[PDB]
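Residue numbers (full-length UniProt numbering), protein chains in the order written: chain A, 677 to 772; chain B, 24 to 67; chain C, 83 to 473; chain D, 67 to 99; chain E, 203 to 277; chain F, 82 to 152; chain G, 50 to 289; chain H, 145 to 151, 180 to 192; chain I, 83 to 100, 105 to 184. Cβ coordinates follow ideal geometry from the N, Cα and C atoms, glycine included.
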Amino acid sequence: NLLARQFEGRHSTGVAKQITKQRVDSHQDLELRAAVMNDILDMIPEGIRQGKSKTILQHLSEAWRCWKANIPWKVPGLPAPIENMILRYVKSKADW
Amino acid sequence: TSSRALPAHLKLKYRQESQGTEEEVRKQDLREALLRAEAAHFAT
Amino acid sequence: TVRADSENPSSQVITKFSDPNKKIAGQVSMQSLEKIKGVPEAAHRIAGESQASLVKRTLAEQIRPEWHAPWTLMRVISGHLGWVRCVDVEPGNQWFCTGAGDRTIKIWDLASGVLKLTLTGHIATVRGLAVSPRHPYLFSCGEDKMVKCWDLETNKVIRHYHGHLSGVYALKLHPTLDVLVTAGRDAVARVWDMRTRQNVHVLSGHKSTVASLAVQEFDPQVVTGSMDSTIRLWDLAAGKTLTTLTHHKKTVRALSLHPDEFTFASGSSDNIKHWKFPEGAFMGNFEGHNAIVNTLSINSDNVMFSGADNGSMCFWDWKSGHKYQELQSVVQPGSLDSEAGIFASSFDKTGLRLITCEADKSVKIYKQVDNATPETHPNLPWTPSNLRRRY
Amino acid sequence: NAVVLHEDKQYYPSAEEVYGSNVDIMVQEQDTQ
Amino acid sequence: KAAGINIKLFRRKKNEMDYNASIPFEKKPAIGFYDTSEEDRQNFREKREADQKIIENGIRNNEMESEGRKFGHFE
Amino acid sequence: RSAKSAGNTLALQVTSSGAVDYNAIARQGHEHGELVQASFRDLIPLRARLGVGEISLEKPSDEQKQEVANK
Amino acid sequence: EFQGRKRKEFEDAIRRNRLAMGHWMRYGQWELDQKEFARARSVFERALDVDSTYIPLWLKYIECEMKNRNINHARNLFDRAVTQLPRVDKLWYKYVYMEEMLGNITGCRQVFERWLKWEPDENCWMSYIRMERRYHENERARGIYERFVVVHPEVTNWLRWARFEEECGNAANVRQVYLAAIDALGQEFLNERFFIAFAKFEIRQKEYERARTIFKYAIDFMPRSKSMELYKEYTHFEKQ
Amino acid sequence: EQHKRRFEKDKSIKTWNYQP
Amino acid sequence: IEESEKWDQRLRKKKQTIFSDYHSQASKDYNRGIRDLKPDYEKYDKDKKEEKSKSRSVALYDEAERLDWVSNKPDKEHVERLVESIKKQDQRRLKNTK
């Protein structure tokens, strides 16, 4: 292996990296964010200006922080499906 | 090349005669067996 | 100018004399409109061909539905501590295993629901299980990026399959070969030889996460549906795609093979469609389930079940494409209204019991009402010939 | 007219109340093998 | 260059794609039913010549704006 | 005169009396152009595709199974 | 070297965030300002490879081809666009519009035929009729109307056909089209506005026994539950 | 009242029930 | 009355011209652009009348198996007006946006 790395290079591209008890939280966050983006992209009907993922993710993070601090987190203009999905994912994270 | 890429478990295991091979499940009647087991559990 | 007068007969002889009953309600009365001037050499022939096409469509959407009996809840198993994401039934139909978000794989007794041992060893959520019908193995995959092979004779992990850049969302086993396929967030479906843990094929054709999978023995052997709303039919021998199906508008989260008819159904947020395999020919819609369809399970006696992300449950008649029962899943007592959901489902080997995995930390088992009697348990009413489908 | 103490409070209905009496309600917390 | 030059050439890094020797990835439009044929070769003169005039117009604008500092010095 | 093939072959009058065939653009590449779905006919269920009679929804026997398994 | 500077920054920007289409559009624009061809097409085809469903990029590419007088390139690009996205009408409308103001209406007609193979909404059929009427040529606008009423059987389409027949000029065709409309629509679709339109046409043609008799037929056809405006114009005529 | 003011053919998606 | 009918056309469209979706915006933009079109020059009628006198086979309007529609190469004036129209539309967009 040493001689191969000496005469070949890193070959670093295309290699996977296992989750090793220090990346667990930072990877769980990625998976949850991807899942919420998927649900957002699905429940929005056709031609409803899809450019709204980042703000909904910000709303989800704020809801999680409010739950951690025991604050109601009640938002005026949020549509019902988005609010329900955010509550669902926040409950998942809280149970974890 | 790597420690975990070395040969290991080179013999694949197949279901034996009494472990529920495709032949045994095909010969078996799963519907009636399921009904008897459901009734038996209900009995408790 | 009174060139002619008295539409008195014309106004009646025109409307009356034809087939009395409406055929497709838009029938142009082919014989009536020759006599106009215009361009009959081309336009008339095209119009006649189009009329034939529409009458064929409207007549072919009128299959009489069958009865099929309704379904009811019979058991509610509540042991998991997270969303239940996958389910599989062992070939002998004695037990089934479900993974969940609590990192655990729980093996239940199918007849009684009594919990057999609980398997641990996953770091993140488990997203796919498969009990090999030819080996005493149980493969599992999860969002922790590794695929495990559990030896069911010792209840211990023996094999690890490593190459995956992100979480893995589906896992299927080839019915004949000693090979398994997993698909995940890296927009790639990977083909692993079971024995040597080698990634022989990297089926990389999609643009986003491959949310669904399906494997069979006939070509197409691997069918992957992804976030792109595109379904790709793969040639496993060469590792190249044959047919791409772009009919869906949103991500296709459910793929399911018909056990006996060599057709498969795929579902998405908008519509459920089914195809004939060799060329992927579209064969019709299952309209009516306006929800995020997560699961599709086809029975042996042509019954399809579609579970939605909001707990909506619709049972379909496979032949006629008719939704004969609407059921709403009810959450177990501690849950929220937003916690009504379904992620995985599967008919048992017989096909008489339906297992449902909930976004509720509960597993629900459904059973047909045993009394039958089509007179006393009518399905949803069927109304024909409203209009041709827009398509 | 009785007061319900905080420890004796129940917020959610029993599973039999929410699912009916015809369903098998299983609570499998503990392993059997 | 004003009085006497050695023709100073610019210094590239040893790690560059150079973005000028060729197209960075060189993907050609897919050929369709209708023939391009002349539409490009009929004016290869122009493929180089529109470049020539655009460069030249850039140059002239540059000297007049360089001298525009003197022109608009006091306003 | 040396123009060669600088453009796609003009659409063909197909054997189905279809006056002209623009599906050549879709079939351009993919090494499986015969399987590309590019016409409005492909949106119609096979039940109601006009020029179709019996379509068999049956598994391809067992000789095909063995052939594909071996390959 | 300034061109090199801009190209390196654009290339690294699109490498860092490959899904940002705005960067590709800006790249095509800046590069198009001086070196008008070749690599412009290369950059745009690369952007299409990244995501071919982005309509603004398609329109941008087409428009930049119209700028530089490349008409054959642009028409090949429309062909690819419409054969990739047959169900978005922006591309179809731009195509027919270009073929209309290029003057080669012999080609826009086949473009429209291709479009009609997909059975679009009534707007496309009306646009095709309007295009044909823009060059008279009513003998095939009639056929297009026939296809229209076949595909979209509605009262409004038949009334549009009748209005076109009256405008072009004929008596037998208009009343005959009305008879075809009644025997195609049947009892369940014939509303009252259809009978009113037929009667008004016969009013303009000053044939009054015709109008009064079709008024009696409309009166005794539908139930008196819904006859209010049918009777309203009936009275207008009889006393009028 | 303050709280209630401060806070063929096919159809579209339906998702869950909303409780304030 | 004809003046009032012209006003009737004005008011009918004025209440019909007063963003919803891309599908409707497509047709609205298309026919708005058509409103700015000025067709019917001296080319079309001459083309219609000249080669029709010696139309031994096939029609000039026939497009079932025509071949010359592939090689329609326009004149300078048409492409010039195209570039000018697209430039004017771009100018309208840039003056409308800000």
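Contact set for residue i: own chain, Cβ-Cβ below 7 Å, skip 5 residues either direction
i: F/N104; result: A119, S120
i: C/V413; result: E421, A422, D442
i: C/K289; result: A269, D310
Sequence-distant residues of the same chain with beta carbon closer than 8 Å to residue i, five excluded per side
i: G/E85; result: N117
i: G/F250; result: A211, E215, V223, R224, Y227
i: G/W73; result: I63, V92, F93, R95, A96, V99, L106
i: G/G77; result: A89, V92, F93, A96, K109, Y110, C113
i: residue 672 of chain A; result: With chain A covering only 677 through 772, there is no way to say anything about residue 672 of chain A.
i: C/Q176; result: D191, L192, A193
8 Å contact criterion, which residue i and residue j should meet: CB distance rounded
i: C/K198; j: D/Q99; result: 5 Å
i: G/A260; j: G/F286; result: 6 Å
i: C/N461; j: C/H150; result: 7 Å
i: C/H329; j: C/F364; result: 6 Å
i: I/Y108; j: G/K139; result: 7 Å
i: G/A233; j: C/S111; result: 5 Å
i: C/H217; j: B/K34; result: Their Cβ separation, rounded to whole angstroms, is 11 Å, which puts C/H217 and B/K34 out of contact at 8 Å.
i: C/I106; j: C/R470; result: 7 Å
i: G/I104; j: G/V145; result: Contact flag wrong, Cβ pair sits at about 16 Å.
i: C/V196; j: C/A426; result: C/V196 to C/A426, Cβ: 20 Å. No contact.
i: C/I159; j: C/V385; result: Rounded, the Cβ-Cβ distance is 22 Å, inconsistent with contact.
Residues bridged to residue i (per DSSP)
i: C/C231; result: C/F221, C/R241
i: C/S379; result: C/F387
i: C/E440; result: C/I424
i: C/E408; result: C/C396
i: C/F429; result: C/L436
i: D/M92; result: C/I159
i: C/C179; result: C/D170, C/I189
i: A/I720; result: DSSP, once it has assigned bridges, lists no residue as partnering A/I720.
i: C/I447; result: C/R157, C/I437
i: C/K105; result: None; C/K105 has no bridge partner.
i: C/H283; result: C/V273
Sequence-distant residues of its chain with Cβ nearer than 6 Å to residue i (five each side left out)
i: C/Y243; result: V229, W274, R279
i: C/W232; result: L220, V239
i: C/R185; result: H204
Residue i Cβ short of 8 Å to the ligand MG heavy atom set
i: E/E277; result: Looking at this structure, you won't find the ligand MG or any other ligand, since it has none at all.
Minimum Cβ-Cβ distance from residue i to chain J less than 9 Å
i: C/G174; result: Any reference to chain J falls outside this structure, whose protein chains are A, B, C, D, E, F, G, H and I.
query = Are the region 260-276 of chain C and the region 291-308 of chain C touching by the rule of at least three beta carbon pairs closer than 8 Å?
reply = yes
ask   = Looking at C-beta atoms only, is the number of pairs between the region 25-37 of chain B and the region 748-755 of chain A that lie closer than 8 Å three or more?
value = no
query = Is the region 157-175 of chain G touching the region 121-139 of chain I in the sense that three or more CB pairs, one from each, lie closer than 8 Å?
reply = no
ask   = What residues in the region 139-162 of chain C bring their beta carbon closer than 7 Å to a beta carbon of chain D?
value = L155, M156, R157, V158, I159, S160, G161
key: Three or more C-beta pairs below 8 Å linking the region 181-188 of chain H and the region 358-373 of chain C   = yes
task = For the region 229-254 of chain E, enumerate the residues whose C-beta is nearer than 8 Å to any C-beta of chain F, in chain order.
result = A232, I233, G234, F235, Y236, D237, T238, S239
ask   = Contact between the region 257-270 of chain E and the region 126-135 of chain F: three or more CB pairs below 8 Å?
value = no
inquiry  = Using 8 Å as the cut-off, can you tell me whether the region 163-182 of chain C makes contact with the region 195-209 of chain C, which would need three or more C-beta pairs spanning the two stretches below that distance?
reply    = yes
message = I want to know whether the region 194-204 of chain G touches the region 164-183 of chain G - three or more CB-CB distances under 8 Å.
response = yes
key: Under 7 Å (Cβ pairs) to chain C, residues found in the region 61-74 of chain G   = none
request  = Mind checking the region 178-209 of chain C against chain B and listing, in chain order, the residues whose C-beta falls within less than 7 Å of any C-beta there?
outcome  = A193, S194
ask   = Which residues, in order along the region 296-315 of chain C, keep a beta-carbon less than 8 Å from a beta-carbon of chain A?
value = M309
message = What are the residues in the region 414-435 of chain C lying within 9 Å of chain D by C-beta distance?
response = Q414, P415, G416, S417
query = Does the region 333-341 of chain C touch the region 306-313 of chain C, meaning 3 or more C-beta pairs lie closer than 8 Å?
reply = yes
Sufficient close CB pairs (3 or more, under 8 Å) joining the region 245-261 of chain C to the region 85-97 of chain C = no
task = Can you give me, in chain order, the residues of the region 749-760 of chain A that have a beta carbon less than 8 Å from any beta carbon in chain H?
result = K750, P752, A756, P757, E759, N760
ask   = Can you list, in chain order, the residues of the region 222-256 of chain C whose Cβ is nearer than 9 Å to any Cβ on chain A?
value = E225, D226, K227, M228, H244, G245, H246, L247, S248, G249
ask   = Quick one, which residues of the region 343-356 of chain C are near chain A if we go by CB-CB under 9 Å, in chain order?
value = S350, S351, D352
inquiry  = For the region 116-134 of chain G against the region 233-241 of chain E, do three or more pairs of beta-carbon atoms, one drawn from each stretch, fall closer than 8 Å, so that the two count as touching?
reply    = yes
message = Between the region 123-138 of chain C and the region 388-400 of chain C, can you find at least three pairs of beta-carbon atoms closer than 8 Å?
response = no
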